[PDB]
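Peer 1: Structure incoming, see below.
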Amino acid sequence: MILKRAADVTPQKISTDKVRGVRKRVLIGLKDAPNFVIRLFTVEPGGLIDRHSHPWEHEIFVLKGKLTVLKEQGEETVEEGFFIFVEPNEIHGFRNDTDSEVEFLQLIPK
Amino acid sequence: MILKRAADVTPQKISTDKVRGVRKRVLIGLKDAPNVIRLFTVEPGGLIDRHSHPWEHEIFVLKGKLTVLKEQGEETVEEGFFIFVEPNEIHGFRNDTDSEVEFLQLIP
């Protein structure tokens with residue numbers, strides 16, 4: 001078995017035309033042995049993952065804070081302890097409307 | 001899109017020869033659309049004895065200090081640790097602290 005401390009994984013500071021104020025930790029990568037990809041996202045205050053869609057599904061678990069979820073036609077806030085299923089091709093995004101860092105797990109089957 | 005509070009899932013208590021002091025919340029089940037996610041809560045002194053399954057498991061520790069039973073020895077980890085358990089690998093879990101331990105379990 002493999003046991004690793006998520007905070008030891010090097011964060012990637014993402015700042016693009018689609019994503020701002022986000023740090024990404026790849027806990028289990030595309031080329032890793034498990035049949036899943038797992039990323040830990042940290043969204044800074046005011047951080048924004050623009051609405052987008054992909055053919056693959058997503059599972060989200062909110063670890064810390066209040067996360068605003070952008071949907072195709074609207075939005076919704078959830079807090080730590082919420083889990084989210086995003087269907088294939090479903091338009092979605094994320095925003096941190098608080099003054100604290102927000103953390104969530106992103107789960108993708110291979 | 002499905003949005004759910006994990007704690008509102010009604011927990012299942014598990015009391016078998018090899019599991020004691022453990023509750024399980026099935027967040028995503030077989031009948032559900034996603035391609036299985038469970039939230040385990042281990043009471044103080046609770047124990048998931050050494051066992052194996054042919055599928056792999058992924059674990060993410062949400063709360064507390066989780067003692068992992070391995071094929072060779074034990075290892076205690078804390079909130080924020082992630083664990084990959086290989087297919088058919090013998091493993092278990094114990095809570096040696098005085099507060100509840102919580103972890104997510106992911107099965108592809």
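Please note that chains go A, B, ... in the order of the structure tokens, that every chain numbers its residues from 1, and that ligands are numbered from 1 in the order shown.
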Taking only C-alpha atoms into account, find every residue of chain B that has an atom no more than 7 Å from chain A, and write it out as a PDB file with N, CA, C and O atoms, in the first residue's frame.
Peer 2:
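As a result, iface-v7.pdb now contains:
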```pdb
ATOM      1  N   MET B   1     -26.847  17.564 -11.779  1.00  0.00           N
ATOM      2  CA  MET B   1     -25.770  17.532 -10.800  1.00  0.00           C
ATOM      3  C   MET B   1     -26.383  17.252  -9.429  1.00  0.00           C
ATOM      4  O   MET B   1     -27.459  17.756  -9.110  1.00  0.00           O
ATOM      5  N   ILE B   2     -25.702  16.431  -8.635  1.00  0.00           N
ATOM      6  CA  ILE B   2     -26.195  15.956  -7.345  1.00  0.00           C
ATOM      7  C   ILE B   2     -25.368  16.592  -6.236  1.00  0.00           C
ATOM      8  O   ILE B   2     -24.136  16.509  -6.255  1.00  0.00           O
ATOM      9  N   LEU B   3     -26.042  17.222  -5.267  1.00  0.00           N
ATOM     10  CA  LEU B   3     -25.377  17.899  -4.155  1.00  0.00           C
ATOM     11  C   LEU B   3     -26.011  17.439  -2.851  1.00  0.00           C
ATOM     12  O   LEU B   3     -27.225  17.577  -2.672  1.00  0.00           O
ATOM     13  N   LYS B   4     -25.191  16.925  -1.932  1.00  0.00           N
ATOM     14  CA  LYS B   4     -25.689  16.200  -0.770  1.00  0.00           C
ATOM     15  C   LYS B   4     -24.804  16.485   0.439  1.00  0.00           C
ATOM     16  O   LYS B   4     -23.580  16.556   0.308  1.00  0.00           O
ATOM     17  N   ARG B   5     -25.420  16.612   1.615  1.00  0.00           N
ATOM     18  CA  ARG B   5     -24.679  16.670   2.872  1.00  0.00           C
ATOM     19  C   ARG B   5     -24.385  15.255   3.353  1.00  0.00           C
ATOM     20  O   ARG B   5     -25.310  14.474   3.597  1.00  0.00           O
ATOM     21  N   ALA B   6     -23.099  14.928   3.510  1.00  0.00           N
ATOM     22  CA  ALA B   6     -22.735  13.560   3.868  1.00  0.00           C
ATOM     23  C   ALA B   6     -23.329  13.151   5.212  1.00  0.00           C
ATOM     24  O   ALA B   6     -23.829  12.030   5.362  1.00  0.00           O
ATOM     25  N   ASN B  35     -19.651   6.273 -11.491  1.00  0.00           N
ATOM     26  CA  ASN B  35     -18.924   5.029 -11.708  1.00  0.00           C
ATOM     27  C   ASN B  35     -17.973   4.719 -10.561  1.00  0.00           C
ATOM     28  O   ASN B  35     -16.832   4.312 -10.784  1.00  0.00           O
ATOM     29  N   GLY B  80      -5.957  14.271   6.315  1.00  0.00           N
ATOM     30  CA  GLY B  80      -5.202  14.751   5.179  1.00  0.00           C
ATOM     31  C   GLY B  80      -4.291  13.729   4.533  1.00  0.00           C
ATOM     32  O   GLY B  80      -3.646  14.047   3.526  1.00  0.00           O
ATOM     33  N   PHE B  81      -4.201  12.524   5.080  1.00  0.00           N
ATOM     34  CA  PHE B  81      -3.453  11.454   4.442  1.00  0.00           C
ATOM     35  C   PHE B  81      -4.333  10.723   3.439  1.00  0.00           C
ATOM     36  O   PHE B  81      -5.533  10.527   3.661  1.00  0.00           O
ATOM     37  N   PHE B  82      -3.728  10.300   2.337  1.00  0.00           N
ATOM     38  CA  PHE B  82      -4.409   9.418   1.403  1.00  0.00           C
ATOM     39  C   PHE B  82      -3.645   8.108   1.270  1.00  0.00           C
ATOM     40  O   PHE B  82      -2.415   8.065   1.375  1.00  0.00           O
ATOM     41  N   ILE B  83      -4.405   7.030   1.072  1.00  0.00           N
ATOM     42  CA  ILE B  83      -3.890   5.666   1.081  1.00  0.00           C
ATOM     43  C   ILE B  83      -4.437   4.929  -0.131  1.00  0.00           C
ATOM     44  O   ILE B  83      -5.642   4.982  -0.399  1.00  0.00           O
ATOM     45  N   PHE B  84      -3.559   4.240  -0.856  1.00  0.00           N
ATOM     46  CA  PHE B  84      -3.956   3.324  -1.918  1.00  0.00           C
ATOM     47  C   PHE B  84      -3.711   1.901  -1.436  1.00  0.00           C
ATOM     48  O   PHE B  84      -2.589   1.562  -1.049  1.00  0.00           O
ATOM     49  N   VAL B  85      -4.761   1.087  -1.442  1.00  0.00           N
ATOM     50  CA  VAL B  85      -4.687  -0.317  -1.052  1.00  0.00           C
ATOM     51  C   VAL B  85      -4.794  -1.155  -2.318  1.00  0.00           C
ATOM     52  O   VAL B  85      -5.769  -1.040  -3.073  1.00  0.00           O
ATOM     53  N   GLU B  86      -3.795  -1.999  -2.549  1.00  0.00           N
ATOM     54  CA  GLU B  86      -3.753  -2.775  -3.776  1.00  0.00           C
ATOM     55  C   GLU B  86      -4.799  -3.887  -3.755  1.00  0.00           C
ATOM     56  O   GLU B  86      -5.283  -4.278  -2.690  1.00  0.00           O
ATOM     57  N   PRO B 108     -13.338   2.032  -7.170  1.00  0.00           N
ATOM     58  CA  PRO B 108     -13.634   2.138  -8.602  1.00  0.00           C
ATOM     59  C   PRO B 108     -14.703   1.138  -9.032  1.00  0.00           C
ATOM     60  O   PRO B 108     -14.601  -0.022  -8.633  1.00  0.00           O
TER      61      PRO B 108
END
```
Peer 1: Fewer than 6 positions away in the same chain doesn't count, so skip those; otherwise give me all residues within 12 Å of residue A:15, counting only C-alpha atoms, as a VMD selection string.
Peer 2: chain A and resid 21 to 24 43 to 44 47 to 50
Peer 1: Of the candidates B:91, B:68, B:62, B:96, which shows the shortest atom-to-atom distance to residue A:104, using only C-alpha atoms?
Peer 2: B:62
Peer 1: List every residue of chain A that DSSP, applied to the backbone of this structure, assigns to strand (DSSP E or B), and report them as a PDB file with N, CA and C atoms, in the first residue's frame.
Peer 2:
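Okay, part-v8.pdb is ready:
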```pdb
ATOM      1  N   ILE A   2       0.271   2.380  -0.439  1.00  0.00           N
ATOM      2  CA  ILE A   2       0.940   3.676  -0.506  1.00  0.00           C
ATOM      3  C   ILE A   2       0.231   4.620   0.455  1.00  0.00           C
ATOM      4  N   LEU A   3       0.996   5.292   1.316  1.00  0.00           N
ATOM      5  CA  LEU A   3       0.434   6.242   2.274  1.00  0.00           C
ATOM      6  C   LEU A   3       1.176   7.561   2.150  1.00  0.00           C
ATOM      7  N   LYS A   4       0.443   8.643   1.868  1.00  0.00           N
ATOM      8  CA  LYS A   4       1.084   9.925   1.613  1.00  0.00           C
ATOM      9  C   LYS A   4       0.290  11.069   2.229  1.00  0.00           C
ATOM     10  N   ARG A   5       1.017  12.099   2.649  1.00  0.00           N
ATOM     11  CA  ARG A   5       0.448  13.290   3.265  1.00  0.00           C
ATOM     12  C   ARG A   5       0.098  14.291   2.166  1.00  0.00           C
ATOM     13  N   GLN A  12       0.437  23.219  -7.381  1.00  0.00           N
ATOM     14  CA  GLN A  12       0.570  23.923  -8.643  1.00  0.00           C
ATOM     15  C   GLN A  12      -0.312  25.157  -8.574  1.00  0.00           C
ATOM     16  N   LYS A  13       0.287  26.330  -8.739  1.00  0.00           N
ATOM     17  CA  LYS A  13      -0.468  27.582  -8.735  1.00  0.00           C
ATOM     18  C   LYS A  13      -0.996  27.808 -10.145  1.00  0.00           C
ATOM     19  N   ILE A  14      -2.313  27.718 -10.306  1.00  0.00           N
ATOM     20  CA  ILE A  14      -2.953  27.817 -11.612  1.00  0.00           C
ATOM     21  C   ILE A  14      -3.409  29.252 -11.827  1.00  0.00           C
ATOM     22  N   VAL A  19      -8.863  29.900 -15.179  1.00  0.00           N
ATOM     23  CA  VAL A  19      -8.728  29.582 -13.759  1.00  0.00           C
ATOM     24  C   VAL A  19      -7.854  30.642 -13.101  1.00  0.00           C
ATOM     25  N   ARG A  20      -8.324  31.197 -11.982  1.00  0.00           N
ATOM     26  CA  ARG A  20      -7.539  32.143 -11.204  1.00  0.00           C
ATOM     27  C   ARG A  20      -7.654  31.805  -9.724  1.00  0.00           C
ATOM     28  N   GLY A  21      -6.582  32.078  -8.985  1.00  0.00           N
ATOM     29  CA  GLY A  21      -6.588  31.921  -7.536  1.00  0.00           C
ATOM     30  C   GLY A  21      -6.779  30.502  -7.038  1.00  0.00           C
ATOM     31  N   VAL A  22      -6.183  29.524  -7.713  1.00  0.00           N
ATOM     32  CA  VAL A  22      -6.366  28.112  -7.395  1.00  0.00           C
ATOM     33  C   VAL A  22      -5.000  27.450  -7.285  1.00  0.00           C
ATOM     34  N   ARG A  23      -4.822  26.626  -6.255  1.00  0.00           N
ATOM     35  CA  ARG A  23      -3.677  25.732  -6.160  1.00  0.00           C
ATOM     36  C   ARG A  23      -4.159  24.298  -6.305  1.00  0.00           C
ATOM     37  N   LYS A  24      -3.428  23.513  -7.091  1.00  0.00           N
ATOM     38  CA  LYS A  24      -3.800  22.140  -7.397  1.00  0.00           C
ATOM     39  C   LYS A  24      -2.717  21.186  -6.918  1.00  0.00           C
ATOM     40  N   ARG A  25      -3.122  20.158  -6.176  1.00  0.00           N
ATOM     41  CA  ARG A  25      -2.243  19.060  -5.789  1.00  0.00           C
ATOM     42  C   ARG A  25      -2.750  17.775  -6.426  1.00  0.00           C
ATOM     43  N   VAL A  26      -1.912  17.149  -7.248  1.00  0.00           N
ATOM     44  CA  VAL A  26      -2.250  15.873  -7.859  1.00  0.00           C
ATOM     45  C   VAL A  26      -1.841  14.785  -6.870  1.00  0.00           C
ATOM     46  N   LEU A  27      -2.828  14.210  -6.174  1.00  0.00           N
ATOM     47  CA  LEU A  27      -2.535  13.134  -5.233  1.00  0.00           C
ATOM     48  C   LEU A  27      -2.306  11.811  -5.957  1.00  0.00           C
ATOM     49  N   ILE A  28      -3.164  11.492  -6.922  1.00  0.00           N
ATOM     50  CA  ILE A  28      -3.022  10.326  -7.783  1.00  0.00           C
ATOM     51  C   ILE A  28      -3.178  10.805  -9.217  1.00  0.00           C
ATOM     52  N   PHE A  36      -8.177   5.531 -10.556  1.00  0.00           N
ATOM     53  CA  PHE A  36      -8.788   6.833 -10.340  1.00  0.00           C
ATOM     54  C   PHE A  36      -7.720   7.911 -10.463  1.00  0.00           C
ATOM     55  N   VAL A  37      -8.168   9.132 -10.742  1.00  0.00           N
ATOM     56  CA  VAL A  37      -7.355  10.334 -10.595  1.00  0.00           C
ATOM     57  C   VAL A  37      -7.934  11.104  -9.419  1.00  0.00           C
ATOM     58  N   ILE A  38      -7.067  11.600  -8.536  1.00  0.00           N
ATOM     59  CA  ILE A  38      -7.510  12.357  -7.365  1.00  0.00           C
ATOM     60  C   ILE A  38      -6.668  13.617  -7.232  1.00  0.00           C
ATOM     61  N   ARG A  39      -7.337  14.765  -7.175  1.00  0.00           N
ATOM     62  CA  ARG A  39      -6.681  16.051  -7.019  1.00  0.00           C
ATOM     63  C   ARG A  39      -7.258  16.753  -5.801  1.00  0.00           C
ATOM     64  N   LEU A  40      -6.411  17.470  -5.073  1.00  0.00           N
ATOM     65  CA  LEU A  40      -6.854  18.312  -3.970  1.00  0.00           C
ATOM     66  C   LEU A  40      -6.726  19.758  -4.418  1.00  0.00           C
ATOM     67  N   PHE A  41      -7.851  20.460  -4.472  1.00  0.00           N
ATOM     68  CA  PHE A  41      -7.867  21.850  -4.904  1.00  0.00           C
ATOM     69  C   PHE A  41      -7.990  22.779  -3.706  1.00  0.00           C
ATOM     70  N   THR A  42      -7.201  23.847  -3.722  1.00  0.00           N
ATOM     71  CA  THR A  42      -7.314  24.937  -2.761  1.00  0.00           C
ATOM     72  C   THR A  42      -7.683  26.192  -3.535  1.00  0.00           C
ATOM     73  N   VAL A  43      -8.821  26.789  -3.194  1.00  0.00           N
ATOM     74  CA  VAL A  43      -9.303  27.992  -3.864  1.00  0.00           C
ATOM     75  C   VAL A  43      -9.104  29.164  -2.916  1.00  0.00           C
ATOM     76  N   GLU A  44      -8.310  30.142  -3.345  1.00  0.00           N
ATOM     77  CA  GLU A  44      -8.102  31.330  -2.544  1.00  0.00           C
ATOM     78  C   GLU A  44      -9.357  32.195  -2.522  1.00  0.00           C
ATOM     79  N   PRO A  45      -9.458  33.104  -1.555  1.00  0.00           N
ATOM     80  CA  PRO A  45     -10.548  34.084  -1.584  1.00  0.00           C
ATOM     81  C   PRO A  45     -10.608  34.783  -2.931  1.00  0.00           C
ATOM     82  N   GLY A  46     -11.796  34.781  -3.529  1.00  0.00           N
ATOM     83  CA  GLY A  46     -11.992  35.355  -4.845  1.00  0.00           C
ATOM     84  C   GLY A  46     -11.595  34.464  -5.996  1.00  0.00           C
ATOM     85  N   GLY A  47     -11.063  33.275  -5.717  1.00  0.00           N
ATOM     86  CA  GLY A  47     -10.656  32.379  -6.785  1.00  0.00           C
ATOM     87  C   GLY A  47     -11.837  31.877  -7.593  1.00  0.00           C
ATOM     88  N   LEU A  48     -11.566  31.561  -8.856  1.00  0.00           N
ATOM     89  CA  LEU A  48     -12.634  31.298  -9.812  1.00  0.00           C
ATOM     90  C   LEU A  48     -12.172  30.272 -10.829  1.00  0.00           C
ATOM     91  N   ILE A  49     -12.906  29.170 -10.911  1.00  0.00           N
ATOM     92  CA  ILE A  49     -12.782  28.204 -11.995  1.00  0.00           C
ATOM     93  C   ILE A  49     -13.961  28.446 -12.931  1.00  0.00           C
ATOM     94  N   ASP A  50     -13.690  29.002 -14.116  1.00  0.00           N
ATOM     95  CA  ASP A  50     -14.762  29.356 -15.045  1.00  0.00           C
ATOM     96  C   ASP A  50     -15.629  28.149 -15.382  1.00  0.00           C
ATOM     97  N   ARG A  51     -16.894  28.426 -15.707  1.00  0.00           N
ATOM     98  CA  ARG A  51     -17.783  27.402 -16.241  1.00  0.00           C
ATOM     99  C   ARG A  51     -17.146  26.712 -17.438  1.00  0.00           C
ATOM    100  N   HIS A  52     -17.245  25.387 -17.455  1.00  0.00           N
ATOM    101  CA  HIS A  52     -16.654  24.562 -18.498  1.00  0.00           C
ATOM    102  C   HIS A  52     -17.312  23.192 -18.430  1.00  0.00           C
ATOM    103  N   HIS A  58     -17.297  13.907 -12.776  1.00  0.00           N
ATOM    104  CA  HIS A  58     -16.500  14.305 -11.626  1.00  0.00           C
ATOM    105  C   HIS A  58     -17.257  13.994 -10.348  1.00  0.00           C
ATOM    106  N   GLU A  59     -16.509  13.638  -9.310  1.00  0.00           N
ATOM    107  CA  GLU A  59     -17.029  13.598  -7.952  1.00  0.00           C
ATOM    108  C   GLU A  59     -16.251  14.601  -7.111  1.00  0.00           C
ATOM    109  N   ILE A  60     -16.970  15.412  -6.342  1.00  0.00           N
ATOM    110  CA  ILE A  60     -16.378  16.441  -5.495  1.00  0.00           C
ATOM    111  C   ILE A  60     -16.737  16.137  -4.048  1.00  0.00           C
ATOM    112  N   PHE A  61     -15.774  16.310  -3.145  1.00  0.00           N
ATOM    113  CA  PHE A  61     -16.054  16.321  -1.712  1.00  0.00           C
ATOM    114  C   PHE A  61     -15.417  17.566  -1.112  1.00  0.00           C
ATOM    115  N   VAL A  62     -16.229  18.397  -0.464  1.00  0.00           N
ATOM    116  CA  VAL A  62     -15.749  19.658   0.092  1.00  0.00           C
ATOM    117  C   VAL A  62     -15.122  19.395   1.457  1.00  0.00           C
ATOM    118  N   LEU A  63     -13.821  19.661   1.572  1.00  0.00           N
ATOM    119  CA  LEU A  63     -13.097  19.408   2.812  1.00  0.00           C
ATOM    120  C   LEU A  63     -13.185  20.566   3.794  1.00  0.00           C
ATOM    121  N   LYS A  64     -13.176  21.802   3.298  1.00  0.00           N
ATOM    122  CA  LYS A  64     -13.071  22.953   4.180  1.00  0.00           C
ATOM    123  C   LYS A  64     -13.685  24.177   3.519  1.00  0.00           C
ATOM    124  N   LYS A  66     -16.789  27.175   2.507  1.00  0.00           N
ATOM    125  CA  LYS A  66     -18.019  27.281   1.734  1.00  0.00           C
ATOM    126  C   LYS A  66     -17.666  27.484   0.269  1.00  0.00           C
ATOM    127  N   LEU A  67     -18.080  26.543  -0.569  1.00  0.00           N
ATOM    128  CA  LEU A  67     -17.750  26.534  -1.985  1.00  0.00           C
ATOM    129  C   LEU A  67     -18.983  26.923  -2.789  1.00  0.00           C
ATOM    130  N   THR A  68     -18.855  27.942  -3.634  1.00  0.00           N
ATOM    131  CA  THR A  68     -19.931  28.280  -4.557  1.00  0.00           C
ATOM    132  C   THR A  68     -19.764  27.455  -5.826  1.00  0.00           C
ATOM    133  N   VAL A  69     -20.780  26.665  -6.156  1.00  0.00           N
ATOM    134  CA  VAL A  69     -20.753  25.802  -7.332  1.00  0.00           C
ATOM    135  C   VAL A  69     -21.500  26.505  -8.454  1.00  0.00           C
ATOM    136  N   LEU A  70     -20.819  26.727  -9.574  1.00  0.00           N
ATOM    137  CA  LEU A  70     -21.468  27.267 -10.759  1.00  0.00           C
ATOM    138  C   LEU A  70     -22.082  26.129 -11.561  1.00  0.00           C
ATOM    139  N   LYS A  71     -23.353  26.302 -11.932  1.00  0.00           N
ATOM    140  CA  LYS A  71     -24.041  25.293 -12.778  1.00  0.00           C
ATOM    141  C   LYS A  71     -24.319  25.934 -14.142  1.00  0.00           C
ATOM    142  N   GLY A  74     -27.109  28.772 -13.424  1.00  0.00           N
ATOM    143  CA  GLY A  74     -27.258  29.297 -12.057  1.00  0.00           C
ATOM    144  C   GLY A  74     -26.093  28.928 -11.163  1.00  0.00           C
ATOM    145  N   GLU A  75     -26.331  28.891  -9.857  1.00  0.00           N
ATOM    146  CA  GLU A  75     -25.280  28.570  -8.901  1.00  0.00           C
ATOM    147  C   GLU A  75     -25.888  28.244  -7.547  1.00  0.00           C
ATOM    148  N   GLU A  76     -25.024  27.782  -6.650  1.00  0.00           N
ATOM    149  CA  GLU A  76     -25.429  27.183  -5.390  1.00  0.00           C
ATOM    150  C   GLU A  76     -24.196  27.119  -4.502  1.00  0.00           C
ATOM    151  N   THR A  77     -24.359  27.443  -3.224  1.00  0.00           N
ATOM    152  CA  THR A  77     -23.274  27.312  -2.261  1.00  0.00           C
ATOM    153  C   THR A  77     -23.453  26.052  -1.426  1.00  0.00           C
ATOM    154  N   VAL A  78     -22.330  25.386  -1.146  1.00  0.00           N
ATOM    155  CA  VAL A  78     -22.274  24.233  -0.258  1.00  0.00           C
ATOM    156  C   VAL A  78     -21.068  24.407   0.657  1.00  0.00           C
ATOM    157  N   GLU A  79     -21.073  23.692   1.775  1.00  0.00           N
ATOM    158  CA  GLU A  79     -20.019  23.837   2.773  1.00  0.00           C
ATOM    159  C   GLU A  79     -19.280  22.515   2.940  1.00  0.00           C
ATOM    160  N   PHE A  82     -20.079  18.410   2.150  1.00  0.00           N
ATOM    161  CA  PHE A  82     -20.946  18.145   1.014  1.00  0.00           C
ATOM    162  C   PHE A  82     -20.198  17.344  -0.044  1.00  0.00           C
ATOM    163  N   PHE A  83     -20.911  16.431  -0.696  1.00  0.00           N
ATOM    164  CA  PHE A  83     -20.361  15.738  -1.849  1.00  0.00           C
ATOM    165  C   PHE A  83     -21.206  16.046  -3.074  1.00  0.00           C
ATOM    166  N   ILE A  84     -20.537  16.152  -4.219  1.00  0.00           N
ATOM    167  CA  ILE A  84     -21.155  16.596  -5.463  1.00  0.00           C
ATOM    168  C   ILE A  84     -20.810  15.612  -6.569  1.00  0.00           C
ATOM    169  N   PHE A  85     -21.813  15.232  -7.353  1.00  0.00           N
ATOM    170  CA  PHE A  85     -21.614  14.465  -8.574  1.00  0.00           C
ATOM    171  C   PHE A  85     -21.895  15.369  -9.765  1.00  0.00           C
ATOM    172  N   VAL A  86     -20.914  15.498 -10.652  1.00  0.00           N
ATOM    173  CA  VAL A  86     -21.051  16.272 -11.881  1.00  0.00           C
ATOM    174  C   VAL A  86     -21.139  15.282 -13.031  1.00  0.00           C
ATOM    175  N   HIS A  92     -20.082  23.296 -15.480  1.00  0.00           N
ATOM    176  CA  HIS A  92     -19.890  23.562 -14.061  1.00  0.00           C
ATOM    177  C   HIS A  92     -18.644  24.416 -13.858  1.00  0.00           C
ATOM    178  N   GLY A  93     -18.619  25.113 -12.727  1.00  0.00           N
ATOM    179  CA  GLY A  93     -17.475  25.894 -12.310  1.00  0.00           C
ATOM    180  C   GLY A  93     -17.494  26.045 -10.802  1.00  0.00           C
ATOM    181  N   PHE A  94     -16.544  26.830 -10.285  1.00  0.00           N
ATOM    182  CA  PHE A  94     -16.396  26.963  -8.838  1.00  0.00           C
ATOM    183  C   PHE A  94     -15.882  28.356  -8.508  1.00  0.00           C
ATOM    184  N   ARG A  95     -16.312  28.880  -7.362  1.00  0.00           N
ATOM    185  CA  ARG A  95     -15.899  30.209  -6.937  1.00  0.00           C
ATOM    186  C   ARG A  95     -15.840  30.221  -5.419  1.00  0.00           C
ATOM    187  N   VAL A 102     -10.697  27.661   0.639  1.00  0.00           N
ATOM    188  CA  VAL A 102     -11.648  26.567   0.496  1.00  0.00           C
ATOM    189  C   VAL A 102     -10.907  25.404  -0.149  1.00  0.00           C
ATOM    190  N   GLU A 103     -11.126  24.195   0.365  1.00  0.00           N
ATOM    191  CA  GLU A 103     -10.457  22.998  -0.127  1.00  0.00           C
ATOM    192  C   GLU A 103     -11.489  21.964  -0.538  1.00  0.00           C
ATOM    193  N   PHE A 104     -11.267  21.325  -1.685  1.00  0.00           N
ATOM    194  CA  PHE A 104     -12.115  20.206  -2.065  1.00  0.00           C
ATOM    195  C   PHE A 104     -11.306  19.130  -2.773  1.00  0.00           C
ATOM    196  N   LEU A 105     -11.787  17.900  -2.636  1.00  0.00           N
ATOM    197  CA  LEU A 105     -11.272  16.755  -3.372  1.00  0.00           C
ATOM    198  C   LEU A 105     -11.997  16.620  -4.700  1.00  0.00           C
ATOM    199  N   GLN A 106     -11.234  16.352  -5.755  1.00  0.00           N
ATOM    200  CA  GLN A 106     -11.784  16.070  -7.073  1.00  0.00           C
ATOM    201  C   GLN A 106     -11.432  14.637  -7.448  1.00  0.00           C
ATOM    202  N   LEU A 107     -12.454  13.867  -7.801  1.00  0.00           N
ATOM    203  CA  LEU A 107     -12.387  12.438  -8.044  1.00  0.00           C
ATOM    204  C   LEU A 107     -12.784  12.181  -9.491  1.00  0.00           C
ATOM    205  N   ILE A 108     -11.944  11.469 -10.245  1.00  0.00           N
ATOM    206  CA  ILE A 108     -12.226  11.143 -11.635  1.00  0.00           C
ATOM    207  C   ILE A 108     -11.896   9.678 -11.891  1.00  0.00           C
ATOM    208  N   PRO A 109     -12.848   8.860 -12.329  1.00  0.00           N
ATOM    209  CA  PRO A 109     -12.515   7.490 -12.733  1.00  0.00           C
ATOM    210  C   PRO A 109     -11.812   7.484 -14.080  1.00  0.00           C
TER     211      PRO A 109
END
```
Peer 1: Here is a test: counting only C-alpha atoms, which residue of B:71, B:79, B:89, B:102 is nearest to residue B:22?
Peer 2: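 Closest residue, counting only C-alpha atoms: B:102.
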Peer 1: Quick one: residues within 7 Å of residue B:28, only C-alpha atoms, excluding same-chain residues fewer than 4 positions away - as a ChimeraX atom specification?
Peer 2: /B:32,36-38
Peer 1: Could you write out that same residue set with N, CA and C atoms as a JSON list (two decimals), in the first residue's frame?
Peer 2:
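Writing done, so here's part.json:
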```json
[["chain", "number", "residue", "atom", "x", "y", "z"],
["B", 32, "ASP", "N", -26.52, 4.19, -7.84],
["B", 32, "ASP", "CA", -26.33, 5.59, -8.21],
["B", 32, "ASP", "C", -25.54, 5.69, -9.52],
["B", 36, "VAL", "N", -18.22, 3.66, -6.07],
["B", 36, "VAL", "CA", -18.85, 3.59, -4.76],
["B", 36, "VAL", "C", -18.03, 4.41, -3.78],
["B", 37, "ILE", "N", -18.69, 5.30, -3.03],
["B", 37, "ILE", "CA", -18.02, 6.16, -2.06],
["B", 37, "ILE", "C", -18.70, 5.99, -0.71],
["B", 38, "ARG", "N", -17.92, 5.65, 0.32],
["B", 38, "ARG", "CA", -18.45, 5.48, 1.66],
["B", 38, "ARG", "C", -17.68, 6.36, 2.63]]
```
